[PDB]
Amino acid sequence: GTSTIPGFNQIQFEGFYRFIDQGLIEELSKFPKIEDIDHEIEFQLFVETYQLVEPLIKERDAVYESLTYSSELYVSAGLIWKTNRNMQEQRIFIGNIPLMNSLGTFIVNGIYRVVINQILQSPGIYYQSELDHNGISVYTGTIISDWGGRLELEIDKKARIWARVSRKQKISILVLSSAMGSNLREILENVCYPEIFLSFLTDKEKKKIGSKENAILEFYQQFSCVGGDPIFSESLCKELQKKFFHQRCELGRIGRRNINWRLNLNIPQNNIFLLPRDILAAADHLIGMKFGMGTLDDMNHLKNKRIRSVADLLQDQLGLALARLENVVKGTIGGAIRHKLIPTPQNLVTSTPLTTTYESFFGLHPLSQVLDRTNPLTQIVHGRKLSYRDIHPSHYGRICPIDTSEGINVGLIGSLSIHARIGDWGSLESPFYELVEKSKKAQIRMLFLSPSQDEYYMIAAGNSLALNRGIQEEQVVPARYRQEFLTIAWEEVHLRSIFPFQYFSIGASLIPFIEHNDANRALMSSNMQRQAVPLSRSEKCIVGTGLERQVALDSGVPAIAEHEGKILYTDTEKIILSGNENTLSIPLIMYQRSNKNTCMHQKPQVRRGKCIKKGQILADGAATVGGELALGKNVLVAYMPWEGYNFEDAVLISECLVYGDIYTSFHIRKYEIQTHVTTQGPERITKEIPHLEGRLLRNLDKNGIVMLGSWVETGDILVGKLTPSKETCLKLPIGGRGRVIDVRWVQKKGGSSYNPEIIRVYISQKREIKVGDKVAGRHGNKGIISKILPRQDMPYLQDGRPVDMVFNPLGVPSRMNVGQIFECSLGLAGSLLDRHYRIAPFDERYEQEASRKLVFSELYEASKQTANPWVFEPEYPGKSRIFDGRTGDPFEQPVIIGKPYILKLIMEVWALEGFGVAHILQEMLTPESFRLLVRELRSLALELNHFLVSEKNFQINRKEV
Amino acid sequence: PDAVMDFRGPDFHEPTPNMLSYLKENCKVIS
Amino acid sequence: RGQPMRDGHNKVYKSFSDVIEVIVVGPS
Amino acid sequence: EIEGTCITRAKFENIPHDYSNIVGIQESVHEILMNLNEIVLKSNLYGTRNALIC
Amino acid sequence: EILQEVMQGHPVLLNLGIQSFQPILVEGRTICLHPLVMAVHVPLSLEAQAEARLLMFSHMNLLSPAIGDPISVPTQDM
Amino acid sequence: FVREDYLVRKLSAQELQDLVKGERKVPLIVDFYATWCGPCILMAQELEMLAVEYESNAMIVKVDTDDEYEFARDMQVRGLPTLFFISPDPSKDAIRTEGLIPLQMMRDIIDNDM
């Protein structure tokens with residue numbers, strides 16, 4: 001990450017390595033030794049001989065059989081029976097630990113899962129000051145533990161300091177301090193304001209403070225709010241310690257560091273627990289804070305936050321799982337003792353505490369998410385998400401300012417920047433280039449800065465292409481310093497931001513000419529690129545940013561050589577590579593369904609006799625050409641209104657996109673069924689289904705499952721099933737026509753007399769582009785196809801070629817996304833010149849109007865080289881007169897034409913009352929709504945009777961409600 | 001337009017090892 | 001009353017008081 | 001308004017579906033159909049004709 | 001053929017967020033709306049059909065109730 | 001378990017001494033480079049590909065001029081990048097090339113002159 005863009009999955013990869021390399025020991029060493037009531041039998045774990053066994057199955061097997069890709073944790077355990085003094089040691093099998101793929105994904109019950117990163121408040125001390133109802137400043141200081149425990153302090157109106165443990169519980173400072181062993185004498189001496197502390201000492205409080213034991217009882221009375229006088233006992237402290245001090249006063253290493261630096265204390269970094277002086281120091285600054293000495297904390301600063309990655313969560317689950325196993329053995333140890341049997345260390349340990357703790361974490365934890373496999377981009381960006389609304393200056397280079405969610409979570413789910421990295425205290429770090437003085441070695445000038453260090457460096461993003469009669473060091477550039485912007489000389493600059501993609505996420509970094517787009521359209525563009533369907537034929541963009549190749553490499557979608565050598569054999573199914581007397585066979589994915597019913601398919605990118613290095617590409621996956629992400633197509637486009645068929649975001653297209661198969665995609669839908677044992681018997685699969693026409697059963701085989709390669713339609717039975725008999729067959733739903741490409745059938749090998757039978761049918765649909773489909777560029781220009789015209793009806797160019805799509809030009813000025821205009825012109829030049837362009841964003845740093853110069857010069861070269869003068873018109877560059885296909889007359893004004901990259905994507909009652917349509921409203925409401933209301937009111941001993949009084953004879957009728 | 005990206009070029013990070021083979025190589029998983 | 005009754009899965013019981021309280025353009 | 005002539009369908013002998021593979025052919029069944037689709041023919045007459053690859 | 005017959009003269013409600021239109025059968029799979037405008041309701045009773053045709057149609061509601069301004073003024077490309 | 005990412009070995013002058021004095025059967029190709037020289041980045045990728053092509057039929061090594069400056073000068077290195085093609089036949093004289101030569105030109109020297 002110092003001189004290249006890091007691997008996009010690096011954060012997941014390092015985190016899992018830390019969990020295996022160090023995380024296991026920290027939790028396996030917290031497992032208590034288990035001793036019985038009589039202390040006769042003692043069980044212990046020899047942690048130094050812990051082992052991990054490679055999975056017996058392969059990753060593709062764990063998906064085919066819906067199993068879990070996992071490793072076996074083995075430890076040696078000793079069991080001493082003092083009745084016989086025999087120490088028996090065996091290799092105990094604690095359970096399974098799910099393993100992570102190189103792409104940062106887990107396979108749990110066959111489902112690809114990704115653990116996303118959480119951002120949380122870091123432990124430490126934070127000095128706030130909130131205004132009361134009268135506008136009087138009140139200063140508050142809160143201590144946060146490693147568990148999130150909050151020990152709040154405050155200054156009240158009478159200056160009495162209270163330890164607010166909850167909204168209703170208040171504890172005086174002196175009582176809490178004395179319960180921890182601090183006598184009244186030292187507290188006064190070591191605080192800057194002893195006269196303040198003595199001023200609140202009531203006579204009743206002094207007698208209790210005088211002894212440590214009585215202060216503990218006083219603290220318990222206030223903390224528990226229980227009427228009465230408790231009696232000191234060892235059990236009371238144990239209950240008090242877990243409820244309060246185990247949850248709230250265990251700072252940890254990060255909290256101790258933050259407590260020390262914030263409060264200016266020289267306390268060793270090894271002390272992870274709260275000290276009486278730390279509480280006392282918080283009291284001192286709180287007073288000095290009220291009187292103008294210092295600054296208040298900013299809770300939204302990233303230096304006050306910390307990131308919890310897959311290492312933190314997987315280590316918590318192991319710690320939670322080891323607490324269960326201890327009580328599992330405690331229950332089993334008592335049972336063996338009650339039966340006077342010698343228990344084998346094995347029978348004392350069952351695997352479920354470790355296996356079921358992880359299946360339940362992956363299935364239920366909100367940070368464990370099913371991997372989005374719509375396209376290669378969705379796979380790579382899912383693992384870089386950050387879950388918690390405003391942009392903060394500390395975010396720059398760490399959290400993308402654009403990529404956020406749309407709706408109600410906006411600003412609470414963000415993305416990590418491309419060059420970001422997680423540091424040694426859960427902090428996000430970003431790399432900057434250091435400008436060092438003359439006399440220093442300075443081997444590597446690229447350094448990673450945490451958010452705390454960022455404020456105190458002068459960071460410039462300008463360049464040094466400016467000279468006057470003076471000297472270069474005196475030229476001024478915009479820089480960031482202390483969370484603001486200045487203009488300083490170059491000689492005062494400490495650091496330079498030099499990486500082109502430093503400040504943005506992956507999605508924003510795929511938008512060419514992004515600096516010409518309003519920042520709101522760049523957010524909508526990131527979302528649309530995540531909805532792009534892989535096409536049956538793939539094609540590289542003419543114009544890109546250059547990040548497309550990195551996405552292809554990190555997604556895992558292509559096949560990359562794990563070994564150097566030469567290619568000997570390629571076909572549709574495999575590629576054989578041999579190097580250094582070692583031959584490897586690499587299978588190729590074919591027509592495999594993804595999470596969102598998209599089609600994955602690999603095609604070889606190498607031939608026989610071609611030499612390969614390790615890490616080079618072998619095959620192209622879906623939406624990938626030549627090692628580049630390829631989410632769309634380059635098509636001929638004109639920007640003009642066309643008879644209202646492109647009104648607003650509507651898009652008019654040519655029939656050639658349909659019969660050319662330009663935007664045709666494959667969609668594989670999986671239909672499933674299971675057998676269950678009802679009270680009347682087991683469900684059966686058979687072709688012989690009574691009372692059904694033979695036409696529907698024509699696709700079934702002898703066992704009652706649809707044949708391979710059949711052409712099924714809506715209503716056609718896929719699996720014949722009988723429920724003891726009533727028909728419960730797997731019928732194809734509406735809109736599911738297609739071809740059966742794979743049938744799967746297996747019985748789950750369980751311990752019961754009946755093993756459930758599971759059938760899966762995979763049906764492939766080839767979907768061409770249609771009216772109602774949605775398309776989009778990369779600049780937040782999204783459209784819906786409203787009309788498909790024959791090619792002779794389309795507007796056509798001065799070379800006679802009709803255009804493929806017609807976009808509304810009125811969509812650009814309102815949306816302020818000028819970048820699509822640059823891209824379309826440059827795309828046309830590239831196609832005529834047989835060129836592709838990969839342009840890093842913010843090219844204006846070189847010179848004014850850099851994009852205009854690049855686009856116009858390339859347009860002119862395309863016009864000159866191909867003798868196509870309409871391509872570059874000196875009178876109006878980028879635009880040309882085009883012709884109406886219906887009439888042959890030219891359109892009056894010149895029109896921008898180009899070849900952009902286009903992707904294909906995956907009160908009412910009041911209004912009726914305002915119209916006075918009483919009978920329509922009655923129909924749309926219909927009574928069961930009111931009859932059910934009466935019964936619910938009856939449950940509360942209320943009766944609601946509806947009476948009609950006749951206007952004729954005044955007789956009252958009780959309606960039947 | 002028909003270029004094949006060379007993933008061992010100077011602008012690319014070092015090849016990502018297989019996670020299992022990496023764990024076995026560093027002697028944290030036993031066959 | 002204060003802290004409401006909760007079940008074993010840390011869920012507060014609901015009483016009766018809680019119970020009662022695509023388009024395409026056509027220009028022609 | 002100008003007419004042309006080309007292959008309208010293909011029948012395979014021992015193929016389950018058009019997305020399978022054949023032992024001995026580098027290309028897949030689906031790739032064969034695309035190669036058949038790009039074959040340019042000429043004829044002045046109308047009617048469904050049949051041709052053969054053996 | 002029957003569907004075309006019974007649809008004629010039978011308005012439907014589309015949800016000025018909710019209005020009444022006379023439906024016509026179109027080719028394709030999408031609902032087609034005129035440029036100056038998903039739940040579809042079919043009035044059943046003759047009382048409801050009268051209200052839809054005579055009160056909720058898009059030509060007796062040309063003025064907005066707020067100040068009396070026209071509702072369907074041409075915009076954008078028009 | 002994990003294949004190494006780089007085939008070309010970096011040798012000291014002393015190590016290269018024993019390799020040339022000792023008995024050799026395959027052609028020996030020696031690359032002089034420096035990490036600060038821009039063209040050496042391009043040459044490093046060509047020699048890695050040449051190592052894959054010639055698995056055991058050639059031996060490709062490299063020497064850093066920052067570490068073995070005196071040795072490079074005595075070998076008549078006039079600049080970078082410089083390649084030496086040393087035959088297994090002790091009577092034949094070595095071939096010194098200068099500049100970013102094409103991969104095919106390296107193959108012709110190895111096949112026809114080594």
# chains A, B, ... in the order shown; residues from 1 in each chain; ligands from 1

call {"tool": "closest_atom_pairs", "arguments": {"of": "chain B", "to": "chain F", "cutoff": "10 Å", "atoms": "only C-alpha atoms", "output": "CSV"}}
result
residue,atom,partner,partner_atom,distance
B:8,CA,F:45,CA,8.2
B:9,CA,F:45,CA,7.8
B:10,CA,F:41,CA,7.6
B:14,CA,F:5,CA,8.1
B:15,CA,F:5,CA,7.7
B:17,CA,F:2,CA,6.9
B:18,CA,F:2,CA,7.8
B:19,CA,F:2,CA,9.8
B:20,CA,F:1,CA,9.0
B:21,CA,F:1,CA,5.3
B:22,CA,F:2,CA,6.6
B:23,CA,F:1,CA,9.1
B:24,CA,F:1,CA,6.9
B:25,CA,F:1,CA,5.5
B:26,CA,F:1,CA,9.3

call {"tool": "write_last_selection", "arguments": {"atoms": "N, CA and C atoms", "output": "PDB file, in the first residue's frame"}}
result
ATOM      1  N   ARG B   8       1.064  -8.818 -13.167  1.00  0.00           N
ATOM      2  CA  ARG B   8       2.374  -8.742 -12.535  1.00  0.00           C
ATOM      3  C   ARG B   8       3.132  -7.473 -12.919  1.00  0.00           C
ATOM      4  N   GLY B   9       2.431  -6.461 -13.423  1.00  0.00           N
ATOM      5  CA  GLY B   9       3.045  -5.199 -13.763  1.00  0.00           C
ATOM      6  C   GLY B   9       3.331  -4.356 -12.542  1.00  0.00           C
ATOM      7  N   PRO B  10       4.099  -3.284 -12.752  1.00  0.00           N
ATOM      8  CA  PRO B  10       4.581  -2.482 -11.615  1.00  0.00           C
ATOM      9  C   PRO B  10       3.484  -1.809 -10.808  1.00  0.00           C
ATOM     10  N   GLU B  14       1.380  -7.569  -4.899  1.00  0.00           N
ATOM     11  CA  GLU B  14       1.871  -8.931  -5.010  1.00  0.00           C
ATOM     12  C   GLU B  14       0.705  -9.920  -5.037  1.00  0.00           C
ATOM     13  N   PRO B  15       0.865 -11.049  -5.729  1.00  0.00           N
ATOM     14  CA  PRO B  15      -0.253 -11.991  -5.877  1.00  0.00           C
ATOM     15  C   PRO B  15      -0.788 -12.465  -4.534  1.00  0.00           C
ATOM     16  N   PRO B  17      -2.020 -14.921  -1.925  1.00  0.00           N
ATOM     17  CA  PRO B  17      -1.912 -16.365  -1.700  1.00  0.00           C
ATOM     18  C   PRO B  17      -3.257 -16.975  -1.339  1.00  0.00           C
ATOM     19  N   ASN B  18      -3.404 -18.261  -1.654  1.00  0.00           N
ATOM     20  CA  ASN B  18      -4.559 -19.004  -1.170  1.00  0.00           C
ATOM     21  C   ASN B  18      -4.521 -19.057   0.351  1.00  0.00           C
ATOM     22  N   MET B  19      -5.665 -18.778   0.979  1.00  0.00           N
ATOM     23  CA  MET B  19      -5.673 -18.590   2.427  1.00  0.00           C
ATOM     24  C   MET B  19      -5.263 -19.859   3.158  1.00  0.00           C
ATOM     25  N   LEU B  20      -5.766 -21.012   2.713  1.00  0.00           N
ATOM     26  CA  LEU B  20      -5.393 -22.276   3.336  1.00  0.00           C
ATOM     27  C   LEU B  20      -3.909 -22.562   3.150  1.00  0.00           C
ATOM     28  N   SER B  21      -3.405 -22.397   1.923  1.00  0.00           N
ATOM     29  CA  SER B  21      -1.988 -22.635   1.670  1.00  0.00           C
ATOM     30  C   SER B  21      -1.114 -21.654   2.435  1.00  0.00           C
ATOM     31  N   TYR B  22      -1.611 -20.442   2.671  1.00  0.00           N
ATOM     32  CA  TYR B  22      -0.865 -19.478   3.469  1.00  0.00           C
ATOM     33  C   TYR B  22      -0.810 -19.899   4.932  1.00  0.00           C
ATOM     34  N   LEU B  23      -1.930 -20.387   5.470  1.00  0.00           N
ATOM     35  CA  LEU B  23      -1.952 -20.835   6.858  1.00  0.00           C
ATOM     36  C   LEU B  23      -1.061 -22.054   7.064  1.00  0.00           C
ATOM     37  N   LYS B  24      -1.106 -23.011   6.135  1.00  0.00           N
ATOM     38  CA  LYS B  24      -0.242 -24.183   6.237  1.00  0.00           C
ATOM     39  C   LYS B  24       1.226 -23.800   6.104  1.00  0.00           C
ATOM     40  N   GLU B  25       1.532 -22.859   5.205  1.00  0.00           N
ATOM     41  CA  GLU B  25       2.917 -22.445   5.007  1.00  0.00           C
ATOM     42  C   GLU B  25       3.499 -21.830   6.272  1.00  0.00           C
ATOM     43  N   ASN B  26       2.707 -21.037   6.988  1.00  0.00           N
ATOM     44  CA  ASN B  26       3.149 -20.414   8.226  1.00  0.00           C
ATOM     45  C   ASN B  26       2.932 -21.306   9.442  1.00  0.00           C
TER      46      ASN B  26
END

call {"tool": "interface_residues", "arguments": {"of": "chain B", "to": "chain A", "cutoff": "6 Å", "atoms": "only C-alpha atoms", "output": "VMD selection string"}}
result
chain B and resid 1 4 to 5 7 11 15 18 to 19 29 to 31

call {"tool": "residues_around", "arguments": {"residues": "residue 10 of chain D", "least_positions_apart": "5", "cutoff": "12 Å", "atoms": "only C-alpha atoms", "output": "ChimeraX atom specification"}}
result
/D:15,18,29-30,32-37,50-53

call {"tool": "atom_distance", "arguments": {"atom1": "atom CA of residue 12 of chain B", "atom2": "atom CA of residue 823 of chain A"}}
result
26.0 Å

call {"tool": "residues_around", "arguments": {"residues": "segment 61-78 of chain E", "least_positions_apart": "5", "cutoff": "9 Å", "atoms": "only C-alpha atoms", "output": "PDB file with N, CA, C and O atoms, in the first residue's frame"}}
result
ATOM      1  N   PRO A 641     -34.354  15.624 -27.990  1.00  0.00           N
ATOM      2  CA  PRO A 641     -35.728  15.163 -27.769  1.00  0.00           C
ATOM      3  C   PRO A 641     -36.264  14.482 -29.016  1.00  0.00           C
ATOM      4  O   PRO A 641     -35.997  14.910 -30.140  1.00  0.00           O
ATOM      5  N   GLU A 643     -39.915  13.281 -30.022  1.00  0.00           N
ATOM      6  CA  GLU A 643     -41.368  13.119 -30.038  1.00  0.00           C
ATOM      7  C   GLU A 643     -41.953  12.729 -28.686  1.00  0.00           C
ATOM      8  O   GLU A 643     -43.029  12.129 -28.626  1.00  0.00           O
ATOM      9  N   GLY A 644     -41.280  13.063 -27.590  1.00  0.00           N
ATOM     10  CA  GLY A 644     -41.783  12.736 -26.275  1.00  0.00           C
ATOM     11  C   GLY A 644     -41.513  11.324 -25.805  1.00  0.00           C
ATOM     12  O   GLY A 644     -41.887  10.988 -24.677  1.00  0.00           O
ATOM     13  N   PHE A 647     -39.135  11.658 -22.924  1.00  0.00           N
ATOM     14  CA  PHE A 647     -39.571  12.623 -21.924  1.00  0.00           C
ATOM     15  C   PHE A 647     -39.041  12.235 -20.549  1.00  0.00           C
ATOM     16  O   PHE A 647     -39.220  11.098 -20.100  1.00  0.00           O
ATOM     17  N   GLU A 648     -38.387  13.188 -19.882  1.00  0.00           N
ATOM     18  CA  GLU A 648     -37.735  12.990 -18.582  1.00  0.00           C
ATOM     19  C   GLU A 648     -36.678  11.903 -18.735  1.00  0.00           C
ATOM     20  O   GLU A 648     -35.744  12.086 -19.535  1.00  0.00           O
ATOM     21  N   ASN A 808     -32.567  12.157 -23.650  1.00  0.00           N
ATOM     22  CA  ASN A 808     -33.088  13.508 -23.498  1.00  0.00           C
ATOM     23  C   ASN A 808     -31.978  14.448 -23.043  1.00  0.00           C
ATOM     24  O   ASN A 808     -31.345  14.189 -22.013  1.00  0.00           O
ATOM     25  N   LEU A 810     -32.354  17.444 -21.856  1.00  0.00           N
ATOM     26  CA  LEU A 810     -32.816  18.239 -20.725  1.00  0.00           C
ATOM     27  C   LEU A 810     -32.475  17.602 -19.384  1.00  0.00           C
ATOM     28  O   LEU A 810     -32.610  18.263 -18.350  1.00  0.00           O
TER      29      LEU A 810
ATOM     30  N   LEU E  16     -54.417  14.505  -6.630  1.00  0.00           N
ATOM     31  CA  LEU E  16     -54.282  14.092  -8.022  1.00  0.00           C
ATOM     32  C   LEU E  16     -53.334  12.908  -8.145  1.00  0.00           C
ATOM     33  O   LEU E  16     -52.996  12.481  -9.249  1.00  0.00           O
ATOM     34  N   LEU E  36     -48.219  13.796 -18.937  1.00  0.00           N
ATOM     35  CA  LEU E  36     -48.567  14.664 -17.819  1.00  0.00           C
ATOM     36  C   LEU E  36     -49.016  13.890 -16.578  1.00  0.00           C
ATOM     37  O   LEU E  36     -49.576  14.496 -15.656  1.00  0.00           O
ATOM     38  N   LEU E  55     -66.663  12.355 -11.949  1.00  0.00           N
ATOM     39  CA  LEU E  55     -66.010  13.209 -10.970  1.00  0.00           C
ATOM     40  C   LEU E  55     -64.492  13.132 -10.996  1.00  0.00           C
ATOM     41  O   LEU E  55     -63.837  14.136 -10.709  1.00  0.00           O
ATOM     42  N   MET E  56     -63.916  11.985 -11.353  1.00  0.00           N
ATOM     43  CA  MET E  56     -62.486  11.750 -11.205  1.00  0.00           C
ATOM     44  C   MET E  56     -61.726  11.756 -12.525  1.00  0.00           C
ATOM     45  O   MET E  56     -60.533  11.444 -12.535  1.00  0.00           O
TER      46      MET E  56
END

call {"tool": "interface_residues", "arguments": {"of": "chain A", "to": "chain C", "cutoff": "10 Å", "atoms": "only C-alpha atoms", "output": "tab-separated table (two decimals) with N, CA and C atoms, in the first residue's frame"}}
result
chain	number	residue	atom	x	y	z
A	643	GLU	N	-39.91	13.28	-30.02
A	643	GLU	CA	-41.37	13.12	-30.04
A	643	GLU	C	-41.95	12.73	-28.69
A	644	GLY	N	-41.28	13.06	-27.59
A	644	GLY	CA	-41.78	12.74	-26.27
A	644	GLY	C	-41.51	11.32	-25.80
A	645	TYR	N	-40.87	10.48	-26.62
A	645	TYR	CA	-40.54	9.13	-26.18
A	645	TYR	C	-39.33	9.09	-25.26
A	646	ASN	N	-38.57	10.18	-25.15
A	646	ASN	CA	-37.53	10.28	-24.13
A	646	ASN	C	-37.85	11.40	-23.14
A	647	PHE	N	-39.14	11.66	-22.92
A	647	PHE	CA	-39.57	12.62	-21.92
A	647	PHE	C	-39.04	12.24	-20.55
A	648	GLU	N	-38.39	13.19	-19.88
A	648	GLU	CA	-37.74	12.99	-18.58
A	648	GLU	C	-36.68	11.90	-18.74
A	649	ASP	N	-36.76	10.79	-18.01
A	649	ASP	CA	-35.73	9.76	-18.05
A	649	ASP	C	-36.04	8.64	-19.03
A	650	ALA	N	-37.11	8.75	-19.81
A	650	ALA	CA	-37.39	7.73	-20.80
A	650	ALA	C	-36.28	7.70	-21.85
A	651	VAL	N	-36.05	6.52	-22.42
A	651	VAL	CA	-34.98	6.31	-23.39
A	651	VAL	C	-35.56	5.63	-24.62
A	771	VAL	N	-38.85	-2.97	-23.61
A	771	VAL	CA	-39.50	-1.77	-23.09
A	771	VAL	C	-39.80	-1.99	-21.61
A	772	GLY	N	-39.46	-1.00	-20.79
A	772	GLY	CA	-39.59	-1.10	-19.36
A	772	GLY	C	-38.30	-1.44	-18.65
A	773	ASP	N	-37.31	-1.97	-19.36
A	773	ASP	CA	-36.00	-2.20	-18.78
A	773	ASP	C	-35.31	-0.88	-18.47
A	784	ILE	N	-35.25	4.66	-18.53
A	784	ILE	CA	-36.15	3.53	-18.74
A	784	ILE	C	-36.51	3.48	-20.21
A	785	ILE	N	-36.36	2.30	-20.81
A	785	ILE	CA	-36.66	2.14	-22.24
A	785	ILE	C	-38.16	2.24	-22.44
A	786	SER	N	-38.58	3.18	-23.28
A	786	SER	CA	-39.99	3.41	-23.55
A	786	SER	C	-40.41	3.06	-24.96
A	787	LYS	N	-39.48	2.96	-25.90
A	787	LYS	CA	-39.83	2.77	-27.29
A	787	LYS	C	-38.66	2.10	-28.00
A	933	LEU	N	-62.57	-4.94	15.71
A	933	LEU	CA	-62.28	-3.89	16.69
A	933	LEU	C	-63.15	-4.03	17.93
A	936	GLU	N	-61.77	-6.71	20.31
A	936	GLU	CA	-60.57	-6.29	21.03
A	936	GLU	C	-60.92	-5.30	22.14
A	937	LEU	N	-61.92	-4.44	21.90
A	937	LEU	CA	-62.39	-3.56	22.96
A	937	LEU	C	-63.10	-4.33	24.06
A	939	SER	N	-62.20	-7.16	25.14
A	939	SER	CA	-61.14	-7.71	25.98
A	939	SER	C	-60.71	-6.75	27.08
A	940	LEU	N	-61.05	-5.47	26.95
A	940	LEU	CA	-60.74	-4.47	27.96
A	940	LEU	C	-61.97	-4.06	28.76

call {"tool": "atom_distance", "arguments": {"atom1": "atom CA of residue 62 of chain A", "atom2": "atom CA of residue 530 of chain A"}}
result
27.0 Å

call {"tool": "closest_residue", "arguments": {"among": "E:34, E:51, E:8, E:13", "to": "chain C", "atoms": "only C-alpha atoms"}}
result
E:34

call {"tool": "residues_around", "arguments": {"residues": "residue 60 of chain F", "least_positions_apart": "5", "cutoff": "10 Å", "atoms": "only C-alpha atoms", "output": "list in words"}}
result
residues 7, 8, 9, 10, 27, 28, 29, 30, 31, 47, 48, 50, 51, 54, 55 and 85 of chain F

call {"tool": "residues_around", "arguments": {"residues": "residue 43 of chain F", "least_positions_apart": "5", "cutoff": "12 Å", "atoms": "only C-alpha atoms", "output": "list in words"}}
result
residues 9 and 10 of chain B; 8, 31, 32, 33, 34, 35, 37, 38, 48, 49, 50, 62, 80, 81, 82, 83, 98, 99, 100, 101, 102, 103 and 106 of chain F

call {"tool": "write_last_selection", "arguments": {"atoms": "N, CA and C atoms", "output": "short mmCIF file (atom, residue, chain, number, x, y, z; two decimals), in the first residue's frame"}}
result
data_model
loop_
_atom_site.label_atom_id
_atom_site.label_comp_id
_atom_site.auth_asym_id
_atom_site.auth_seq_id
_atom_site.Cartn_x
_atom_site.Cartn_y
_atom_site.Cartn_z
N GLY B 9 2.43 -6.46 -13.42
CA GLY B 9 3.05 -5.20 -13.76
C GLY B 9 3.33 -4.36 -12.54
N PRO B 10 4.10 -3.28 -12.75
CA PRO B 10 4.58 -2.48 -11.61
C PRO B 10 3.48 -1.81 -10.81
N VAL F 8 14.14 -15.36 -10.59
CA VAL F 8 15.51 -14.93 -10.81
C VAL F 8 16.18 -14.68 -9.46
N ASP F 31 22.31 -10.65 -14.95
CA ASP F 31 21.68 -9.34 -15.11
C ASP F 31 22.24 -8.38 -14.08
N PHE F 32 22.74 -7.24 -14.54
CA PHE F 32 23.16 -6.17 -13.65
C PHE F 32 22.06 -5.12 -13.61
N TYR F 33 21.64 -4.76 -12.40
CA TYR F 33 20.50 -3.86 -12.25
C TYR F 33 20.71 -3.00 -11.01
N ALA F 34 19.84 -1.99 -10.89
CA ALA F 34 19.77 -1.16 -9.70
C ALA F 34 18.32 -0.75 -9.52
N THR F 35 17.85 -0.75 -8.27
CA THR F 35 16.45 -0.46 -8.00
C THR F 35 16.07 0.99 -8.33
N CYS F 37 17.08 2.57 -11.11
CA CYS F 37 17.12 2.75 -12.55
C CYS F 37 15.77 2.37 -13.14
N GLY F 38 15.12 3.33 -13.79
CA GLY F 38 13.79 3.15 -14.34
C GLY F 38 13.66 2.01 -15.33
N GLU F 48 12.08 -12.42 -15.78
CA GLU F 48 11.19 -13.37 -15.11
C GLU F 48 10.45 -14.23 -16.12
N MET F 49 10.02 -13.63 -17.23
CA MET F 49 9.38 -14.40 -18.30
C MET F 49 10.37 -15.35 -18.96
N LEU F 50 11.61 -14.90 -19.16
CA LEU F 50 12.63 -15.78 -19.72
C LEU F 50 12.93 -16.96 -18.81
N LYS F 62 20.87 -12.37 -11.16
CA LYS F 62 20.98 -10.92 -11.20
C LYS F 62 21.94 -10.44 -10.12
N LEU F 80 23.37 0.69 -17.34
CA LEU F 80 22.31 -0.24 -17.01
C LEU F 80 21.13 -0.04 -17.94
N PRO F 81 20.40 -1.11 -18.28
CA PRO F 81 20.63 -2.53 -17.94
C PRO F 81 21.66 -3.23 -18.81
N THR F 82 22.42 -4.16 -18.23
CA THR F 82 23.46 -4.90 -18.94
C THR F 82 23.28 -6.38 -18.66
N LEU F 83 23.37 -7.20 -19.70
CA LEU F 83 23.23 -8.64 -19.59
C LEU F 83 24.51 -9.33 -20.05
N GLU F 98 23.74 -4.46 -24.09
CA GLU F 98 23.38 -3.22 -23.42
C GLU F 98 22.03 -2.74 -23.92
N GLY F 99 21.19 -2.29 -23.00
CA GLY F 99 19.89 -1.73 -23.34
C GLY F 99 18.77 -2.75 -23.20
N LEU F 100 17.55 -2.23 -23.32
CA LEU F 100 16.33 -3.04 -23.19
C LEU F 100 16.10 -3.80 -24.49
N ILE F 101 16.80 -4.93 -24.62
CA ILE F 101 16.71 -5.77 -25.80
C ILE F 101 15.40 -6.56 -25.77
N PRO F 102 14.84 -6.93 -26.92
CA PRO F 102 13.60 -7.71 -26.93
C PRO F 102 13.81 -9.12 -26.41
N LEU F 103 12.71 -9.70 -25.91
CA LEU F 103 12.75 -11.06 -25.40
C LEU F 103 13.18 -12.05 -26.47
N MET F 106 16.90 -12.22 -26.84
CA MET F 106 17.52 -13.04 -25.80
C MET F 106 17.45 -14.52 -26.15
#
